[PDB]
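Shown next, in structure tokens, is the structure this report addresses.
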Amino acid sequence: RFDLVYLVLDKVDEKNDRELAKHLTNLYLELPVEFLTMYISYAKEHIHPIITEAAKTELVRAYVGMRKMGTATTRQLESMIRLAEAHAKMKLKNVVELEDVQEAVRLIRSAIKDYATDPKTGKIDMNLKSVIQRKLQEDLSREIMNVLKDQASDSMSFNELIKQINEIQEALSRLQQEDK
Amino acid sequence: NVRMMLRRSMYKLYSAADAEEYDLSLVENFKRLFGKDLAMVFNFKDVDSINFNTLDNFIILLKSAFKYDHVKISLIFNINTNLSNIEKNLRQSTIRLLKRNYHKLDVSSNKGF
Amino acid sequence: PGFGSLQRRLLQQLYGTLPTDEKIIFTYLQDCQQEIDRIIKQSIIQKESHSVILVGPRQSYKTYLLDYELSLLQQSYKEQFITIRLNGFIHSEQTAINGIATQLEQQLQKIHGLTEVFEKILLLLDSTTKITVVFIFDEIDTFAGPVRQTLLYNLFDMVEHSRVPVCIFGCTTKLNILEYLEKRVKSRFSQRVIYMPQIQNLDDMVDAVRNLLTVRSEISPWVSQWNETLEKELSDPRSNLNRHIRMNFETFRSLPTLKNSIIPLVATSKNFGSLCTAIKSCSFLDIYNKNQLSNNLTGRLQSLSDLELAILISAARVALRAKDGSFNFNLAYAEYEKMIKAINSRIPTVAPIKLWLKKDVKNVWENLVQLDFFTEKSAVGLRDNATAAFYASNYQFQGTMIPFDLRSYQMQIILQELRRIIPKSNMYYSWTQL
Amino acid sequence: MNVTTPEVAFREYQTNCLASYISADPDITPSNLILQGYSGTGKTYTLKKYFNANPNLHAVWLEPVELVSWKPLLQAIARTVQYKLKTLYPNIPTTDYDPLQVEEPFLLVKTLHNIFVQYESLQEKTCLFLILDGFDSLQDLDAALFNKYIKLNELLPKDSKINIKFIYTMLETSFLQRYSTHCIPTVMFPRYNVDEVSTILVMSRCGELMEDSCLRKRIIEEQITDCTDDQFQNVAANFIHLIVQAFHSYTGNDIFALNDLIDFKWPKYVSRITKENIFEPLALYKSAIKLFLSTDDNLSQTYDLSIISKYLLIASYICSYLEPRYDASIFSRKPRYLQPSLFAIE
Amino acid sequence: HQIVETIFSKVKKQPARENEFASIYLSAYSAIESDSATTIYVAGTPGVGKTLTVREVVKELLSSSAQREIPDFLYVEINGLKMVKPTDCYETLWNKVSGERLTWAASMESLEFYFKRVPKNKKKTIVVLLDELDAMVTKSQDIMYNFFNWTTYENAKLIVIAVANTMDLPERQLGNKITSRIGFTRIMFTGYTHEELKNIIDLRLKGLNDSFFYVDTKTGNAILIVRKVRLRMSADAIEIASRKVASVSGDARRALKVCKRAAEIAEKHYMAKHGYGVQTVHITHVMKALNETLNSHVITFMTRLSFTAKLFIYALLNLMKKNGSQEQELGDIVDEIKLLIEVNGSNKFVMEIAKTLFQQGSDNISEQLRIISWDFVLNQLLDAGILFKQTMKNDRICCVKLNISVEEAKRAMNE
Ligand SMILES: Nc1ncnc2c1ncn2[C@@H]1O[C@H](COP(=O)(O)OP(=O)(O)OP(=O)(O)O)[C@@H](O)[C@H]1O
Ligand SMILES: Nc1ncnc2c1ncn2[C@@H]1O[C@H](COP(=O)(O)OP(=O)(O)OP(=O)(O)O)[C@@H](O)[C@H]1O
């Protein structure tokens, strides 16, 4: 029945250890809290966000997706609006946005760390180049090579190609390396 | 096993026909070997101790003999208790083969005083 | 009427029975084919004894190259080469020597129109020449086993000592051939192991398909139309036929397997006019593929009746609740009884779904074991060799004596697959879960 | 020559596939071909119908069901091929080899080569098909056995006129999957659907039951002057449909099981046919309710035992299912579904 | 057609065991001259010339017999890996000595009677070579015993030479009864050094290195001494051939084969450039032969597999690393394949790949339980010897185990 549970693990790695050590050791040599409290008080004081239709619709799909991987009780669906309203308040927007809902869903997923969680036994991968990565890259490269010349132009903007295909940068960079 | 069953059956069948004057090819060739039709009576002397899977396979094997126009087969079942053991042990497909033409007779020494 | 000649030509081309003049070698095969040709002709013409093994998976056109080379040599080197064939699947180690002797006798007779055995082979060759002997062996790994290696040992020994040149070509799917060939035979073997090349590009398979389907004889005036349509369908990467070709490539890369599906399409074709329509869309390969899968678990599960399916669901439930995953008839029927009681209990009553008898269920239980949904607790299954099969047919297991209703079974289909496959419209779909 | 296609219903893909692998040219037909289908899927019937539709073909039929083991399997092949070659070409003067000398597959190859040498003077190459129905039904079978039949054609002299084009039929699927990498051209048979089984049994048994002695006795007894063979077939079809709808869940979509119920219940069903049941199948069903409520496949105070015997059995059942722990607890004055355990005489 | 031989032909067509030769000859001469009977035991790795040294000693003893330094003697050669049945040894030995054709049981008794009972003055000395002695081992080891036991008889006048794989085989496998009779008369052959192999290579090519040839320009046929051409093989090429082979095995035949392969490679270069003045066999030609001996086709073969095989191997490796074990349940494998397919997003490429893999990409026919050609690839990885499986008809409780190393599969997948 909690809203968010965070698995803040510690991994031994020289690079991250160096980052943390250099962040910490130099701090004790030799926005302000007033503004932080002012902002916190103001947001609670004024904004009362209301959930929009589009933001509401994504809740159904998100909860169903969490459901079909069965511990996805109905309690987390309370959080799927509690966090959205708080995000809307933090943005100071007077309504809850679809982006706010998606960000809240992402936050819940990252807190629980489902993507690294084994659906079979609930265990967690330690590491979180693969053959599926190779296949996806190869298929994407083939499709973009077909599309870039299927249009009645020799070339096109990469933003339009990304929007056309995703509905990428490494594949096009590799093609440029091959002068395609 | 079915192999030993067929071998011994054909051995005894040949021995019996040898006094007139090992496989199903003997049954096929019997009319050309001795000039007479063959009628077989099979006496299952003690059914309860027989491996019922082997018996079922043997019955299915003997079913192939009906292609011959000169062979007739009769089956004798020495049952100690009842049809219940056979219905429990044999497959329900073979029971239907048996049941199309069967007779039931109580030969016990005790019958109504 | 005249299309039949073209169809027969195409079928013959597919089956590889073309005359050696018209035979084709793929570009990805040609590099090794030329090397094999070199070894063969250096052994025959230059009279040099040599030994070679071809390695690769089955249906890799492995022995096809040897057949091509020997068929080519037969056209112009009739008296020069002697061929001996053996195969380890059929020829046991007892019959191999007799096979060699008989085949040599036949070859010598048609040409003219036990160390001493091999020595007499050499003496006969010397006395009839006063001719390189080409051994071809299928499945070296079969001879190279626990059987004490003598025949191949002698053949490789003869390479150095023969007065008449001796050449050996073998086949084997195993990549670990040198493990099977013991150290003595390894020392005596020339060790020119040739691993066959693999199809490794989509363009490679497209070119192989073109080589198979190309017609280079003007048998019929529609040969040009055939080649035109073939190039039309191979030219566009998004072609319907090229779709099947790409899918086949990406699934498995053995070309003969794809030929095994192309041949039905060609043979089923009735006339050129209908062939022109059929070859383009090519919807028949889907039918072939679904037929290939029609007898797996899904195909068998799709045909069962409601009672059979319900008993299967109950047995799967019993297995699921079981740590060992095993179940018996009694527990399955008890779960059937409970599920029917529950189903009836969820029904409004009367104001003033047959629980089948335990005897009639036996036919359904037998059917569910015939169709390989169930299996015994320790079912070894099909034995590998005849010697073990004899013992298996001799020994009687516990499962052959224990009662019908108490024989333990395990399941081949897990309830997850049941719920995935069983339609939601089925009246027992709600019981697919726990 | 061109093969003619048969009209077998519910198999109109495999009958077309057989025309792909079987033809008059021995240089076209593959060296092996496997037809796969479970019991009652129609494989033997379809193949026999196809061969009977094209008499110009040449074939040998053997059943491993009769041929218990592999040695008879080879011996029958040799003997039947010898007989068939004599039958097809009596004019050619030929000699004999003993079919009982085949002890190993190499000896089969030797005998086959020796026989084919005799027919070397044939005008054209001949395509011969050897048919083994139910290859996996062999009683003594192993995985290495089938490999010996795949790669056998190429041990023959490839220039010989007589080419053996083996044909196999298989029942199981755990058998065929062991040989997937060989890419043998395979034709598949699925289980018949319920509608298919219903149509096939009607097509098959209608004429069998329209002429049985019992019904034509009962018609005479009941003086049915207006009875016609068309109505006879309709009565038989009603009987078959009733059995199917009553026992499909009991038998499945199996042709063999339903046939035997049709045979058994047929006399008893006939006994209820009267003057009033000629035109109302509903009334006949009502009269025959007790026949449908019971399968009657059963072969039929169940066990006559002395009191000592009954008490011994009662005690034995307790022994075989009660833990040894509780004997002193229960009997001294001081589980329904599992397999029974052992117990001592004491 | 005429047999065309190029300049490299004589190189392919074409001294280091004197201490072993002297030791064997000294023991053989002492036993034969004394009219005694004894057993000689020979062991060593294949390819070190054990048989060749024995043949050289026997030929020299025949020459000594021709000079009548030693009396006449008979030589019989028998190899263990050449007989069809073990009982044929008794028939063969009696046939070569007496000319009879009796059965193995009668021949063995005849041999036993002959060596033991026949007077010495009524015999000719018999020397028997039992090549591949360890291949004649039967259940009762009678061949290992009887042949050596006959040498203990003073009336036998029989010399038996045995070649086996190991020196301590009588102690390791045979009983003390046979071990005592064999005794100390054992000789071991050690593999050649690289310099010895280099010397042997040069010995075979003594008259061919730096030699001139007359080569027909139209056909390439060469005659040892139409234009004048010279041939050479680099000493560095021979050195690397000898060093690499000596580091692998002592087999002398491998060195000869390597030079033959190197000559063939140089011959291919000569033919390719001419398309039918010193032809130096460069070290690259030898290194090509050495590389093909060392390089394994396993890695490239695995990298050349279809996507299905690589996916299967990757799933198996992931299961091994998750489980900490090597073998995995087959149903677990087919479930992990689905997990790995579905762990990715719902992208259109992922959808198409899944449709192709799981339901053949068919138009409407779908709902398969396992990926297409799963059985095909499972049998392909097993017939190639890469993948091992234990046999049960319960498809999902069986175990699948790897034959290749745990390290090289990841290397192949990472390429
Ligand atoms: N004489 C032939 N004529 C035509 N095609 C042939 C001939 N011999 C073999 N083939 C072809 O060989 C293919 C079957 O595989 P193939 O014979 O190459 O394997 P293999 O070398 O026997 O394999 P393995 O490794 O099992 O020994 C088929 O496509 C078939 O057409
Ligand atoms: N399409 C059909 N039309 C008519 N009858 C059919 C059809 N299909 C099957 N049958 C009938 O079904 C019967 C089933 O027996 P079949 O000959 O197929 O046995 P089988 O499956 O080969 O044998 P086994 O199970 O013993 O290996 C056939 O004998 C035939 O009478």
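Naming works like this for the structure tokens: A, B, ... for the chains as they're shown, residue 1 at the start of each chain, ligands 1 onward in shown order.
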Can I get the residues close to ligand 1 as an mmCIF file with N, CA, C and O atoms, in the first residue's frame, where close means within 6 Å and we count only C-alpha atoms and all ligand atoms?
data_model
loop_
_atom_site.group_PDB
_atom_site.id
_atom_site.type_symbol
_atom_site.label_atom_id
_atom_site.label_comp_id
_atom_site.auth_asym_id
_atom_site.auth_seq_id
_atom_site.Cartn_x
_atom_site.Cartn_y
_atom_site.Cartn_z
ATOM 1 N N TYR C 15 15.829 -31.235 -58.422
ATOM 2 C CA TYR C 15 16.294 -32.450 -57.772
ATOM 3 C C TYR C 15 17.769 -32.729 -58.022
ATOM 4 O O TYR C 15 18.289 -33.726 -57.512
ATOM 5 N N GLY C 16 18.449 -31.878 -58.786
ATOM 6 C CA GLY C 16 19.879 -32.019 -58.966
ATOM 7 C C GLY C 16 20.299 -33.138 -59.886
ATOM 8 O O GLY C 16 21.481 -33.490 -59.916
ATOM 9 N N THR C 17 19.367 -33.704 -60.650
ATOM 10 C CA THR C 17 19.660 -34.810 -61.551
ATOM 11 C C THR C 17 20.003 -34.338 -62.958
ATOM 12 O O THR C 17 19.811 -35.086 -63.923
ATOM 13 N N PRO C 57 27.315 -29.664 -41.495
ATOM 14 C CA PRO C 57 26.016 -30.225 -41.109
ATOM 15 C C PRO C 57 25.356 -30.941 -42.276
ATOM 16 O O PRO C 57 25.790 -30.862 -43.427
ATOM 17 N N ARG C 58 24.285 -31.659 -41.961
ATOM 18 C CA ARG C 58 23.564 -32.389 -42.989
ATOM 19 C C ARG C 58 22.835 -31.417 -43.915
ATOM 20 O O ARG C 58 22.586 -30.258 -43.573
ATOM 21 N N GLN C 59 22.498 -31.915 -45.105
ATOM 22 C CA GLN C 59 21.852 -31.114 -46.147
ATOM 23 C C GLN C 59 22.683 -29.881 -46.489
ATOM 24 O O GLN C 59 22.155 -28.784 -46.680
ATOM 25 N N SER C 60 24.000 -30.065 -46.563
ATOM 26 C CA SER C 60 24.931 -28.998 -46.902
ATOM 27 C C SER C 60 25.579 -29.198 -48.265
ATOM 28 O O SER C 60 26.623 -28.596 -48.535
ATOM 29 N N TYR C 61 24.990 -30.033 -49.125
ATOM 30 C CA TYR C 61 25.569 -30.360 -50.429
ATOM 31 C C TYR C 61 26.987 -30.902 -50.271
ATOM 32 O O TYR C 61 27.878 -30.609 -51.072
ATOM 33 N N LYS C 62 27.194 -31.707 -49.231
ATOM 34 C CA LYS C 62 28.527 -32.167 -48.860
ATOM 35 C C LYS C 62 29.043 -33.228 -49.825
ATOM 36 O O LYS C 62 30.075 -33.033 -50.474
ATOM 37 N N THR C 63 28.335 -34.354 -49.925
ATOM 38 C CA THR C 63 28.715 -35.402 -50.865
ATOM 39 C C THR C 63 28.337 -35.056 -52.301
ATOM 40 O O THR C 63 28.875 -35.665 -53.239
ATOM 41 N N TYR C 64 27.443 -34.083 -52.487
ATOM 42 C CA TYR C 64 27.058 -33.654 -53.827
ATOM 43 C C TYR C 64 28.262 -33.196 -54.637
ATOM 44 O O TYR C 64 28.318 -33.423 -55.849
ATOM 45 N N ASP C 138 30.919 -42.367 -46.194
ATOM 46 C CA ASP C 138 29.951 -41.523 -45.515
ATOM 47 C C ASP C 138 29.959 -41.811 -44.018
ATOM 48 O O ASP C 138 30.049 -42.963 -43.585
ATOM 49 N N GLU C 139 29.881 -40.741 -43.227
ATOM 50 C CA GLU C 139 29.806 -40.821 -41.769
ATOM 51 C C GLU C 139 31.044 -41.507 -41.179
ATOM 52 O O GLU C 139 30.986 -42.629 -40.671
ATOM 53 N N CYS C 171 32.980 -38.097 -45.057
ATOM 54 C CA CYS C 171 31.965 -37.143 -44.637
ATOM 55 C C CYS C 171 31.640 -37.362 -43.166
ATOM 56 O O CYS C 171 31.660 -38.494 -42.677
ATOM 57 N N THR C 172 31.348 -36.268 -42.463
ATOM 58 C CA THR C 172 30.963 -36.334 -41.058
ATOM 59 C C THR C 172 30.436 -34.969 -40.635
ATOM 60 O O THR C 172 30.978 -33.930 -41.016
ATOM 61 N N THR C 173 29.358 -34.987 -39.845
ATOM 62 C CA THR C 173 28.754 -33.743 -39.380
ATOM 63 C C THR C 173 29.469 -33.182 -38.157
ATOM 64 O O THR C 173 29.418 -31.973 -37.905
ATOM 65 N N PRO C 256 18.693 -26.583 -49.057
ATOM 66 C CA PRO C 256 17.818 -27.717 -49.403
ATOM 67 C C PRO C 256 16.500 -27.722 -48.650
ATOM 68 O O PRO C 256 15.489 -28.188 -49.186
#
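Near residue 332 in chain C, within 7 Å and counting only C-alpha atoms, sit residues 311, 314, 315, 318, 328 and 336 of chain C, not including residues fewer than 4 positions from it in the same chain.
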Min atom-atom distance to chain E from the set C:276, C:223, C:340, C:151, counting only C-alpha atoms, belongs to C:151
Report as CSV: every residue of chain B with an atom at most 12 Å from ligand 2, its closest pair of atoms, and their distance in Å to one decimal, counting only C-alpha atoms and all ligand atoms, with rows sorted by chain and ascending residue number.
residue,atom,partner,partner_atom_place_in_ligand_line,distance
B:57,CA,ligand 2,26 (O),11.7
B:60,CA,ligand 2,26 (O),9.2
B:61,CA,ligand 2,26 (O),10.4
B:63,CA,ligand 2,26 (O),10.8
B:64,CA,ligand 2,26 (O),10.1
B:93,CA,ligand 2,25 (O),11.9
Restrict the selected residues to C-alpha atoms and save them as a short mmCIF file (atom, residue, chain, number, x, y, z; two decimals), in the first residue's frame.
data_model
loop_
_atom_site.label_atom_id
_atom_site.label_comp_id
_atom_site.auth_asym_id
_atom_site.auth_seq_id
_atom_site.Cartn_x
_atom_site.Cartn_y
_atom_site.Cartn_z
CA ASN B 57 -0.84 -56.00 -28.32
CA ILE B 60 -4.31 -56.40 -32.04
CA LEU B 61 -1.70 -58.53 -33.82
CA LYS B 63 -6.65 -58.90 -35.63
CA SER B 64 -4.50 -58.72 -38.78
CA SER B 93 -10.43 -50.08 -27.52
#
Taking the DSSP assignment computed from this structure's backbone, write out as a ChimeraX atom specification all residues of range 255-300 of chain D that belong to alpha helix (DSSP H). /D:255-271,281-287,289-292
Surrounding residues of residue 269 in chain D excluding itself and chain neighbours under 2 positions, 10 Å, only C-alpha atoms, as number ranges by chain: D: 239, 262, 264-267, 271-273, 284-285, 287-289, 291-292
Pull the closest atom pair for each residue of chain C that gets at most 8 Å from chain B, along with the distance in Å to one decimal, counting only C-alpha atoms, ordering rows by chain and then ascending residue number, as JSON lines.
{"residue": "C:362", "atom": "CA", "partner": "B:92", "partner_atom": "CA", "distance": 7.4}
{"residue": "C:363", "atom": "CA", "partner": "B:92", "partner_atom": "CA", "distance": 6.3}
{"residue": "C:366", "atom": "CA", "partner": "B:91", "partner_atom": "CA", "distance": 7.7}
{"residue": "C:393", "atom": "CA", "partner": "B:1", "partner_atom": "CA", "distance": 7.7}
{"residue": "C:394", "atom": "CA", "partner": "B:1", "partner_atom": "CA", "distance": 7.4}
{"residue": "C:400", "atom": "CA", "partner": "B:53", "partner_atom": "CA", "distance": 7.1}
{"residue": "C:401", "atom": "CA", "partner": "B:51", "partner_atom": "CA", "distance": 7.5}
{"residue": "C:403", "atom": "CA", "partner": "B:89", "partner_atom": "CA", "distance": 7.2}
{"residue": "C:404", "atom": "CA", "partner": "B:89", "partner_atom": "CA", "distance": 6.5}
Could you save the residues just selected, with N, CA, C and O atoms, as an mmCIF file, in the first residue's frame?
data_model
loop_
_atom_site.group_PDB
_atom_site.id
_atom_site.type_symbol
_atom_site.label_atom_id
_atom_site.label_comp_id
_atom_site.auth_asym_id
_atom_site.auth_seq_id
_atom_site.Cartn_x
_atom_site.Cartn_y
_atom_site.Cartn_z
ATOM 1 N N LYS C 362 -12.271 -43.280 -18.683
ATOM 2 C CA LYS C 362 -11.074 -44.044 -19.025
ATOM 3 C C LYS C 362 -10.692 -43.884 -20.495
ATOM 4 O O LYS C 362 -9.500 -43.837 -20.819
ATOM 5 N N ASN C 363 -11.675 -43.784 -21.393
ATOM 6 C CA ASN C 363 -11.362 -43.564 -22.803
ATOM 7 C C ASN C 363 -10.683 -42.219 -23.021
ATOM 8 O O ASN C 363 -9.724 -42.118 -23.796
ATOM 9 N N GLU C 366 -7.125 -42.514 -21.833
ATOM 10 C CA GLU C 366 -6.295 -43.205 -22.814
ATOM 11 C C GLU C 366 -5.955 -42.294 -23.987
ATOM 12 O O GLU C 366 -4.810 -42.279 -24.461
ATOM 13 N N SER C 393 12.627 -53.910 -24.454
ATOM 14 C CA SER C 393 11.483 -54.771 -24.719
ATOM 15 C C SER C 393 11.463 -55.986 -23.805
ATOM 16 O O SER C 393 10.397 -56.580 -23.607
ATOM 17 N N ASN C 394 12.610 -56.368 -23.243
ATOM 18 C CA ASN C 394 12.642 -57.480 -22.300
ATOM 19 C C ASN C 394 12.148 -57.076 -20.914
ATOM 20 O O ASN C 394 11.205 -57.675 -20.389
ATOM 21 N N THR C 400 3.963 -50.955 -16.007
ATOM 22 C CA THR C 400 3.238 -51.980 -16.743
ATOM 23 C C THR C 400 2.445 -52.913 -15.838
ATOM 24 O O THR C 400 1.687 -53.748 -16.345
ATOM 25 N N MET C 401 2.603 -52.796 -14.520
ATOM 26 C CA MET C 401 1.931 -53.675 -13.571
ATOM 27 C C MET C 401 0.993 -52.953 -12.619
ATOM 28 O O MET C 401 -0.007 -53.539 -12.202
ATOM 29 N N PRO C 403 -1.929 -50.412 -11.166
ATOM 30 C CA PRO C 403 -3.268 -50.239 -11.743
ATOM 31 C C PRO C 403 -3.347 -49.061 -12.701
ATOM 32 O O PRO C 403 -2.496 -48.170 -12.702
ATOM 33 N N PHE C 404 -4.396 -49.073 -13.525
ATOM 34 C CA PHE C 404 -4.590 -48.035 -14.530
ATOM 35 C C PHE C 404 -4.730 -46.657 -13.898
ATOM 36 O O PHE C 404 -4.159 -45.675 -14.384
#
Residue contacts of residue 10 in chain E (10 Å, only C-alpha atoms) excluding same-chain residues fewer than 2 positions away, as a VMD selection string: chain E and resid 5 to 8 12 to 14 204 to 205 207 to 208 222 to 224 263
Quick one: everything within 8 Å of residue 326 in chain E, counting only C-alpha atoms, minus sequence neighbours fewer than 5 positions away in the same chain. Send it as a ChimeraX atom specification. /E:320,401-402
